[PDB]
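Inspection log for the structure reproduced underneath, given as structure tokens.
Readers should treat all values here as calculations from the given coordinates under stated rules, not as data from a laboratory. FYI the Cβ positions are ideal-geometry reconstructions off the backbone, even for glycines, and counts take in every protein chain you see.
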Amino acid sequence: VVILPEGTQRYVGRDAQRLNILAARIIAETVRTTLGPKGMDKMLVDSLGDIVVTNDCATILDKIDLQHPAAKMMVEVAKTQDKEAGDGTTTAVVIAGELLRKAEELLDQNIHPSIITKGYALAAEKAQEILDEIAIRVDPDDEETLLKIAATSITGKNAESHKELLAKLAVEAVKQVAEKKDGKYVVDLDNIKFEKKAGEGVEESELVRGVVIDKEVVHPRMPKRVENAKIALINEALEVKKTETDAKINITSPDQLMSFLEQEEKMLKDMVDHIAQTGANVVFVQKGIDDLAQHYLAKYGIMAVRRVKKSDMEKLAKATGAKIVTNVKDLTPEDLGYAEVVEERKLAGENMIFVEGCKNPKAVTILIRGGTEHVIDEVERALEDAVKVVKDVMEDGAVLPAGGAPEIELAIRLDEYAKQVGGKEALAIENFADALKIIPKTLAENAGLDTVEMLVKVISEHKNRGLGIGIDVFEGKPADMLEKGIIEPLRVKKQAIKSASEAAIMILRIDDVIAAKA
Amino acid sequence: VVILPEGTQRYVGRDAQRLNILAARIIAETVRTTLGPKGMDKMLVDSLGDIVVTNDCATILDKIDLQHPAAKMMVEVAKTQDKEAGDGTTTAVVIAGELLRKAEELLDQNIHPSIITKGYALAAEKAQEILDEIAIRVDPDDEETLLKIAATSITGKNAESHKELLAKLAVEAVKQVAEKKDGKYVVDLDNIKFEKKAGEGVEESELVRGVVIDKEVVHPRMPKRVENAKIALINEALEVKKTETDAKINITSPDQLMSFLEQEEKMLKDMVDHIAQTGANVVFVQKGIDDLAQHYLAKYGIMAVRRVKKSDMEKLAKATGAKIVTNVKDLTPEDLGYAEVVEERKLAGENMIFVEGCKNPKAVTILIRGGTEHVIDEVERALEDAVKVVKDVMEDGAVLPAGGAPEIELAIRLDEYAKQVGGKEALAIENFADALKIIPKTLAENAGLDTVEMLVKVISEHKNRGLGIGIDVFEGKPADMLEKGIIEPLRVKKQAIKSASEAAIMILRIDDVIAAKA
Amino acid sequence: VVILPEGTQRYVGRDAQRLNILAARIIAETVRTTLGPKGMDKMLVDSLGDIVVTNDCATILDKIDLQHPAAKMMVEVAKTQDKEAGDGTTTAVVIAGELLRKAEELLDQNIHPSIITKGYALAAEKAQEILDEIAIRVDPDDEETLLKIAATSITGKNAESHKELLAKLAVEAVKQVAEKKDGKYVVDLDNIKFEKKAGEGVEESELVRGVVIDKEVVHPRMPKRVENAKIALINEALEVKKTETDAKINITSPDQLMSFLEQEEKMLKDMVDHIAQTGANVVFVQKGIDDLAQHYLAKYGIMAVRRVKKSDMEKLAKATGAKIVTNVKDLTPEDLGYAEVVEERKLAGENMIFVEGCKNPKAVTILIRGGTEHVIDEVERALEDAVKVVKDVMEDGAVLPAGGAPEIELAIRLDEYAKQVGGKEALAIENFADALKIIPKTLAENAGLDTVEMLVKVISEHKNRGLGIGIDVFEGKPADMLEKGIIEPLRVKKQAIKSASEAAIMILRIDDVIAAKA
């Protein structure tokens, strides 16, 4: 009896499970090659012929037009991992896929899904306790470890060629805009700006302790360089003001055509005169600046810039120390900010404004350079991750070794937790534990090593030498990730297991899929 | 650079392996609920609209219009298993599929298919050894075991309602046509005819120590019943014979128009006179019988039948002891066969000839009755299987318990063989051993029993009590198959493992699939 | 100005070279995974749905529907190699592709194709000299090496599971039909029949020192088994013969109807009586057998078979020693052949005739069994190669180590030959030599070993220990092929280089491709 519309597709029970799992697995496989130090990249081309070349899992899954629903749900694991910890986007998706693969073996063994699901929840919760226990507490601002966290982040990416320079820029940037409340640091990444410009190479990238703005000096006669700039920030337009209430001038005598025109000029000259009087020799305005206003500004030798982005005004304030004033009339010397140099400079032929040498900038800019626009964008993506993992360690003074060490550690301990629990749930906990091994595994795989062998050795060596024993892909054998400085924020593992677990459990609970005709 | 025509599709490596294994697995999953005493049936409607209702895996995979290359390969397994042993077609395919499923777990672990293939080959070869060892040597013609074999074969099929009767008919039929040369029996199933007529019920099916031909007595005046029949078998037509070489009569006088007519009449009369003179009272002719010959045959009180199939002539020869004569002229009394009764009877209002009560018939007929055409057709299929297993056991003198017992013994033993082999091969041997457990597992599954627990209890009981321990889908617990009388020919398992394994290995060696545009 | 019709495609110079070379390379990369002991198989499905599963390069390229012209030319390399030496079809193709790839490096360098061509011819000619010198001369009939040859040939193919049995059968078949004229052996492969029936496993395959025919005994009363059979071979139908010249019978009296009828009857009986008179108890007729002749044939207790294939009649003659007679009347006791047993046996339910126990059979049969039809076909193909390499060795008492030893030996030596030639031709000779390394490289690659490292170790070890050093794919290191018994005929390498080089040079001389519209 016709219940559903013609064209509606539907799968139930094993069908639903098999397809959902297979689709999540294929997605995971698709991106496992971006994982690690020998990670490779993808070139994505949308319908508009727009190109994206990247190593970033989240970006990849977000940019690809995915059809299958289970596949789409995997995009959420990467996106969340990304927002929360930066790195580990591939790891989360890869573990999710492997978790579902091991789950199916139990499904085919006729083990009820809720039992599998119960076991996975237990394993996931035990994994968080284990990660907290084995987490290496470090000094929130120890430039040493921070620099290590950064450099690790950048490894395996296009910009790894200059990981030392880039790591330095990121760590420095985070340290500078970091704010300490009471021993605990808090970091707002919005205070770190990334400015991009093709030209030169990635080597020439730099950290400006101030702000770099893609704008020009409004008038030709204004100074193109100011030494110890006294900076005024105004968001209101430097134009003839009109009331909010509707108004119109009623002219009744010829002498008024001039009196009103001179009044509007006077209003405009006073705004500029006021600015000058505060001692400001540099002015950034959010809205526009009329030609007349530009004229007096120049005559005063004051450098001005109009139509500045609200987000830039805010960074300018935080770096220079100036206070954004809404109406010019309220501008006072106390409001002015400072900058060792404010100068218009041409990059790749196009003018820009550098506000550098600020006292104790609370906002900073990393100027990215590179031989190509595509190179430029990927370097930016990598810097975003690097600055985020650095941030993570300053907010949570905890790190972990990489190389698959933590997942190997979890694998070992979860296996014993399974024995304590027993029953069919143990079968689920053990499978969850074995699933964690894809990380160590695909790390080797991507390096071109022998998966079966490497695992045997790493797990063995790990059992003999402890928590820091992971896989050194470059060397092709187990090693102490800690001694080698290959570490990552505790938050990376934690969030990855959380997102991977909850996604897997959700998919596992599905036994009926109903899709309407598109 | 184009190498291949458009419309050509291709899959390499993991893709190829994944698609081939999934197709084979799905085909195996499709036929698995037909397995065992709790097995169910399928209804197949082809393109023309013809309907087939059966439980036979071999018949099912043959009637289905399968597309995928890998699925078509599974058809070969069931088909070969069917020609060789009769029973075990579902079993062979299901093991085939599970074998591939367990293999993919090793493929996903990066174990080289060459290794897996070698290990599987080792387990397969070893399995045949174990089977030959644990096989129960029985008396080739033991009535009791033969009936058990036939009854086990029939149970789980549509005709199980009358398994006792049908098993009886099957065993008796094979015993009657068996040829012992030197202690070794040899059966030609072509000497056992299955005749079907809807009407009555299956309970009315019977064994005729002779033949039943779907033919009528050619002439109305001939006898419809003949007691102690002296049967003649002629294949040449009882009509005016014409030379092989072209010939024509040249009439040159009126007197010849009658002389040639009378000569042809004479020749015809002589054929019949000659037959009558041998003492024959019943005559079976392969070709036609001229109306005049019919007339004279009737005057002699001789019952004749024409256009009898060659296969029917040969069975009549083997049943009655008569000798097929090519030319009437060569017929002598020594060529005549015997029959306690030859008679024309109407089954479902349609006339048929019964040749029964023959001395020591070397060819026999099982007449199948049923309340429907579809029922009779499926009963026929069940009887073909019963006669085949009863046959396997008379040529081989070995049986095995069923209920999953053999596969459980094999799993246990092969698991130990894996250990002495060691290395990666051992991994494959272990997975091959475990694969064999789908039989015991699907038997419980089809019966609605908790697969996980049944399997643990069965393996436990087997290790304690031995070879005969299998699953009893009725008692819903492990039991001694031997004591319950649940046995099957040893050739069933031997062949099943051979076709399943050689098919699995072949599919496992495929890493490239190239299909043209249809 | 239009010269060529629309739809005509054209490529000149580098475009033409690039295209042809890329197509040839891709074809080569397509079959390289089938190379060696770890070689894998392909599944081919044509436009009609027919399925072929092989590892055989010649079969693969022959079944695929290739479009590009250069790719088709590669097919010829494989077919010729297959006809000349059986094994080495992948090697020839893979080397041709590699030769072309290395040559394009010189083309990009602007080295005139004429130079590359000259150099390649020089290297190819020297290669044959080197091969003739390093070839290990052996006893054309030395059983041990012969078995090593056959076994080496079978490894890496689907049937490798039973290489020992199949190697023995192959060697045996070839020895038994080989003909030594004057110390020099000559083998006609037409004397070895490959008969196949699905059922059992490949272990049940065997060698019949006689012939196996897929025919039945014509009459039901004839013997089904003849012990010390005296075999008659007639290729003329046992029927009423007719003149070649047109002829008709003109009947003028009624008594001629029976006289001519009787005359034809006597003609058939005379034929059969004549055959009986020779003492023959088994007769094989190429054409038909009239029913009356069958009747009399059966009365003489003579087993008869009709419609025997011409090629089968010829094998029976060579196996039994019988002489094929055209006209029955010419048959004499001296024409009769012998067989220890001629018997009708059923295989997979189908009747077949076995002619075994023949004196010194000059023709023989290898019966192939197996779990599926696809398995059997692949076994046959593996057997065709095995019997072909065994033949090469008996006809050329020379062999070579495999595992990539000859090609490594050639690379080293040809590299030196380049030095004594010098100049641009020398660049070509060095590239030719370098090209030969894809065999060792692809052997390692198919095993999943590290290609670059294995080449360094193998070449090194080879330089120190000698000719026999090749790659041990299973142990994963260099090894002495000769000691391992891994050898192949000298003809395989020779023909492979000849075809690979003559083909590469031809493609290399093409600077213009003009293809019409199909």
In peptide C:371-380, what is the residue-averaged number of other protein chain Cβ atoms found within 10 Å of each Cβ? 6
Considering all projection directions equally, how large on average is the shadow of the alpha-carbon convex hull of segment B:210-361, in square nanometres? 10.0 nm²
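Length gain on complete extension for the stretch C:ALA516 to C:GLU129, per 0.36 nm per residue less the alpha carbon to alpha carbon distance? List each step's numbers first, then the result.
Details: separation 387, 0.36 × 387 = 139.32 nm, distance 4.22 nm.
Full extension from C:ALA516 to C:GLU129 adds 135.1 nm.
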Taking a temperature of 4 °C and a viscosity of 1.567 mPa s, what whole-number D in µm²/s does Stokes-Einstein yield for segment C:65-205 with Rh from Kirkwood over alpha carbon pairs? 69 µm²/s
Kindly give the distances from A:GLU453 to its copy-mates, label point to label point, with each label point 7 Å from Cα along Cα→Cβ, as nm values to one decimal ordered shortest first. 0.6, 4.7
Please enumerate, by chain and number, the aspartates and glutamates with C-alpha under 16 Å from the C-alpha of B:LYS457, excluding those fewer than 8 residues away in the same chain. B:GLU407, B:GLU409, B:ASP434, B:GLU445, B:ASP472, B:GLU475, B:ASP480
In the protein assembly as shown, taking the dipole from +1 charges on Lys and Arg beta carbons and -1 charges on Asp and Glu beta carbons about the Cα centre, the listed residue (A:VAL364, C:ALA339, A:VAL458) farthest towards the positive end is C:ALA339
Restricting to chain B, what percent of DSSP beta bridges are antiparallel, rounded to 5? 70 percent
Along principal axes, largest first, the alpha-carbon spread of the protein assembly as shown in whole Å comes out as 155, 83, 82
Helix-only estimate, please: 222 nm mean residue ellipticity of the protein assembly as shown, summing -39500 (n - 2.57) across DSSP H runs of length 4 or more and dividing by its residues, to the nearest 500. -16000 deg cm²/dmol
Cα Rg over Rh - segment B:149-232, Kirkwood: 1.06
With both partners inside segment A:210-361, how many of the DSSP beta bridges are antiparallel, as a percent to the nearest 5? 60 percent
Residue list for segment A:61-75, given a label point 7 angstrom along the Cα-to-Cβ vector of A:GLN9 and an amide N cut-off under 14 Å: A:66-72
Out-of-range pairs (alpha-carbon distance over 32 Å; input B:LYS424/B:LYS477; A:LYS42/C:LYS72; B:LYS79/B:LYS287; C:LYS148/C:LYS362; A:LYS38/A:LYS196; A:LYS157/A:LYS517): B:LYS424/B:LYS477; A:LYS42/C:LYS72; B:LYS79/B:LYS287; A:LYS157/A:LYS517
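Before anything else, pin down the relative contact order of chain C: Cα pairs under 8 Å, at least 6 apart, normalised by residue count, whole percent.
Rounded, it is 27 percent for chain C.
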Given charges at beta-carbon only (K, R positive; D, E negative), |dipole| of the protein assembly as shown in Debye: 640 debye
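Rg(Cα) of segment C:257-346 divided by 2.2 N^0.38 Å? Walk me through the numbers before you get to the answer.
Numbers: Rg = 13.8 Å, N = 90, 2.2 N^0.38 = 12.2 Å.
Taking N as the residue count of segment C:257-346, the ratio is 1.13.
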C:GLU144 label points, 7 Å along Cα→Cβ, one per copy: pairwise distances from this copy to the rest in nm, shortest first? 5.7, 6.8
Pairwise centroid distance, computed over Cα atoms, of segment A:1-51 with segment C:33-90, Å: 34 Å
Using all Cα-Cα distances in segment A:1-120, what percent lands in each 10 angstrom bin from 0 up to the longest? 12, 36, 30, 17, 4, 0
Among the listed pairs B:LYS168/B:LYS224; C:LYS168/C:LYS484; A:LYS437/C:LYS441, those beyond 27 Å (Cα-Cα): B:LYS168/B:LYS224; A:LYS437/C:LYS441
Please average, across the residues of B:495-505, the number of beta carbons from any other chain that are within 10 Å of each residue's own beta carbon, and give a whole number. 5
Segment C:334-441 - Rg over Rh from alpha carbon coordinates, Kirkwood radius: 1.28
Using a 7 Å Cα-to-Cβ projection, A:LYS419 label spacings across copies, nm, ascending: 1.9, 6.4
For peptide C:251-264, how many partner chain Cβ atoms fall within 10 Å of a residue's Cβ, on average? 5
Values of log10 I(q)/I(0), in the order q = 0.09, 0.11, 0.13 Å⁻¹, for chain B under a Debye, Cα-only, solvent-free model: -0.75, -0.96, -1.16
Give the residues of segment B:342-368 whose amide nitrogen is closer than 11 Å to a point set 7 Å from the Cα of B:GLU143 in the direction of its Cβ. none
Expressed as a percent, the portion of alpha-carbon pairs in segment C:441-518 spaced more than 14 Å apart is 72 percent
Once you place label points 7 Å from the Cα toward the Cβ at B:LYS175 and C:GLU384, how far apart are they in nm? 5.1 nm
Calculate the length of the line joining the C-alpha centroid of segment B:365-421 to that of segment A:316-354, in whole Å. 91 Å
If the cut-off is a Cα-Cα distance under 18 Å, which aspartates and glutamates reach A:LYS241, setting aside same-chain residues fewer than 8 apart in sequence? A:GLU262, A:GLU264, A:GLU265, A:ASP270, A:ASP273, A:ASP290, A:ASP291, A:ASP330
